[PDB]
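*Asks:* Build the 3D model from these lines:
(one chain, ligands or ions: 3)
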Amino acid sequence: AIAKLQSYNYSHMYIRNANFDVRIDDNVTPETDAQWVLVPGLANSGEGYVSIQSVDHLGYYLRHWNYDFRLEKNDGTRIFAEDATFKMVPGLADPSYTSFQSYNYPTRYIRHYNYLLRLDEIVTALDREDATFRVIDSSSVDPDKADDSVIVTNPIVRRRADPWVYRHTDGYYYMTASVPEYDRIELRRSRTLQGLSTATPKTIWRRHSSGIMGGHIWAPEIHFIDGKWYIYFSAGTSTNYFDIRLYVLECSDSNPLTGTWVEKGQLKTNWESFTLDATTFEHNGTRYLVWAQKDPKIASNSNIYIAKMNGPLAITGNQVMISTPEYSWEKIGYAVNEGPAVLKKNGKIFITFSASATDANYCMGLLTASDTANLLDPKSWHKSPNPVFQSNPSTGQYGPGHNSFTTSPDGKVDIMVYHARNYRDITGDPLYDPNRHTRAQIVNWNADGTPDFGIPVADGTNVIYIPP
Ligand SMILES: OC[C@@H]1O[C@@H](O)[C@H](O)[C@H]1O
Ligand SMILES: OC[C@@H]1O[C@@H](O)[C@H](O)[C@H]1O
Ligand SMILES: [Mg+2]
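*Replies:* Numbering: from 1, shown residues only. Ligands and ions are numbered 1, 2, ... in the order given. Below you will find the coordinate block:
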């Protein structure tokens, strides 16, 4: 069967053939360089054992030689067959994934190192992750196949935080997220939320090697505005990774996974300071920017602001603070409001935000305005006094937040996409614990028309929506 072999720790990268060089790469072009045929093993066709055949050079297989990997044509020798036969076993870093144990060296596994493929003994946790792969084959969810039922297995996407999911008018969801290295902007698409798991992501932009846009790269969001694609994202500098401002990329091409992305520069606000997590929405003919920013006069890391926009590339007028940390549940670790996300429903405009540190104490609050009010008047916005989404020990989910909102494909139900960890205790600076995973669940509605987010669902299969 035809398969891609995706790295466990670099999930944007795939085992591929590069003119007979065997490596892992992202943005594999042509895509067939990353496609393999898993066949019954040359040295043993029986249970477990496979051989990994090139789709372009049939009769050529991956074989180890002096513990390095080569793509070579089967020469009919027993040594070749043994060097090209591997038992598929449960993944060494995660038994739900796959590892490839050598037929003739059964203590050695296929692993990547400096992006090249080797056959090594596996000792460290690094080794285990380097030797674990996700097999994407014909039984995997096809991201190009439409389906009105929303059934996901959470986590949908491992090790992606701040998930942004945008349902476009072409019948695809588009997803951007923070990557654990905070060093690039990643895009994927799927007609179903579950297909986001198996979709091939593309690195559409990498940070500069010095200076501006050269520090932390955080929380990109892709939007379609006035016929063009925009990515709003936050970036520090190479000399201060945390001197973060808003930046914009633009793509006029219709497919953002194949089109050309252009830097447009900084999206400036009323003053220069720590600024991040921008989103935008339209209502009654006006477009707004909603974002997080430090005010030097307020002892919080950031507050929530709204402003009218003047096209996709600027705000106009004065920015208005509509949330600042006030309750103790906004100030665990440090005082912060960030990650705004907009949901329109029932004659209201809802803005969730995240608060407290990005460890298990992370949680969400809610702002509510009437959709006929002046959205630039702070008195139009009401903050809920308690968190509206938070850790839940009984479901094993910790620090949920920086969410986005989307819908089922038929638009009839609202779905929240957010990150959380499936353990509580973090060693070290939580910013560098990479295990916030992307997941989704239904948004329920109270009789009074306000959202009920419930509690973060436990890992596993979640039936979000079946149409009537
Ligand atoms: O790659 C390890 C061994 O080195 C080579 O000599 C053999 O073909 C292979 O089995
Ligand atoms: O191959 C990519 C990385 O390079 C080496 O640093 C590591 O072993 C591996 O994770
Ligand atoms: Mg966001």
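
*Asks:* who's in contact with the residue of the chain found nearest ligand 1?
*Replies:* Closest residue of the chain to ligand 1, CB to the nearest ligand atom: residue 64 (4.1 Å). In this view, the C-beta of every residue, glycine as well, is placed from N, C-alpha and C. Applying CB atoms under 8 Å, 6 or more residues apart in numbering, we find residue 64 in contact with 70, 83, 84, 102, 105, 118, 119.

*Asks:* how far away is the residue nearest to residue 103 when sequence neighbours are not counted from residue 437?
*Replies:* Nearest non-adjacent residue to residue 103, counting by CB to CB, 6 or more residues apart in numbering: residue 85, 3.8 Å away. Separation of residue 85 from residue 437 (CB to CB, to the nearest Å): 34 Å.

*Asks:* Which one's more surrounded, the two?
*Replies:* residue 85 (25 against 21; other CB atoms under 10 Å).

*Asks:* Surely that one touches residue 42?
*Replies:* Yes. Residue 85 lies in contact with residue 42 (CB atoms under 8 Å); the separation is 5.3 Å.

*Asks:* intersection of neighbour lists for these two?
*Replies:* Applying CB under 8 Å, 6+ apart, one finds that residue 85 and residue 42 are jointly contacted by residue 51.

*Asks:* could you dump the host helix or strand of residue 185 to CSV, C-alpha only?
*Replies:* Using DSSP states H and E, residue 185 sits in strand 184-190. What follows is strand 184-190, C-alpha atoms only, in CSV (Å, rounded to 0.1, in the frame of the first residue of the first chain):
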residue,chain,number,x,y,z
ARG,A,184,8.1,29.6,11.2
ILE,A,185,4.5,29.8,9.9
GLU,A,186,2.8,26.5,9.1
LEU,A,187,-0.4,26.0,7.0
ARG,A,188,-2.5,23.0,6.3
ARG,A,189,-6.0,22.4,5.0
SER,A,190,-8.7,19.7,5.1
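
*Asks:* Need the contact partners of that strand.
*Replies:* 12, 141, 143-144, 160, 172-177, 179, 196, 198-207, 217, 220, 222, 231, 233, 249, 256-257.

*Asks:* so who does residue 71 touch?
*Replies:* Taking CB under 8 Å, 6+ apart, one finds 17, 20, 22, 54, 57, 60, 61, 62, 63 in contact with residue 71.

*Asks:* In a helix, it, correct?
*Replies:* No. Under DSSP: H, G, I helix; E, B strand; the rest coil, residue 71 sits outside any helix and is assigned strand.

*Asks:* how close does it get to residue 49?
*Replies:* As judged by CB to CB, residue 71 and residue 49 stand 19 Å apart.

*Asks:* Give me the number of neighbouring residues for whichever residue of the stretch 351-468 of the chain sits closest to ligand 2.
*Replies:* Proximity of the stretch 351-468 of the chain to ligand 2 (CB to the nearest ligand atom) peaks at residue 434, 12.8 Å away. Other residues near residue 434 number 17, with proximity taken as other CB under 10 Å.

*Asks:* do residue 257 as well
*Replies:* Neighbour tally, residue 257, other CB under 10 Å: 16.

*Asks:* From residue 173, how far out is it?
*Replies:* If you measure residue 257 against residue 173 using CB to CB, the figure is 12 Å.

*Asks:* same question, residue 459
*Replies:* 21 Å.

*Asks:* which of those two has more neighbours?
*Replies:* More neighbours surround residue 173 than the other of residue 459 and residue 173, with 23 against 16 (other CB under 10 Å).

*Asks:* right, and that one touches residue 164 too?
*Replies:* No. Contact between residue 173 and residue 164 fails when scored by CB under 8 Å: they sit 10.3 Å apart.

*Asks:* and residue 22, what is it in contact with?
*Replies:* The contact partners of residue 22, by CB under 8 Å, 6+ apart, come to 15, 16, 62, 69, 70, 71, 116, 117.

*Asks:* In contact with the fifth one, which residues are there?
*Replies:* Which is residue 70. 20, 22, 62, 63, 64.

*Asks:* Just to be sure, which of these are found in helices?
*Replies:* Among those, no member falls in helices (criterion: DSSP state H).

*Asks:* Could you list which of those residues also contact ligand 2?
*Replies:* Counting by CB under 6 Å from any ligand atom, nothing from the contacts of residue 70 sits close to ligand 2.

*Asks:* which two from those end up farthest apart in space?
*Replies:* Largest separation among the contacts of residue 70 by CB to CB: 20 and 64, giving 14.5 Å.
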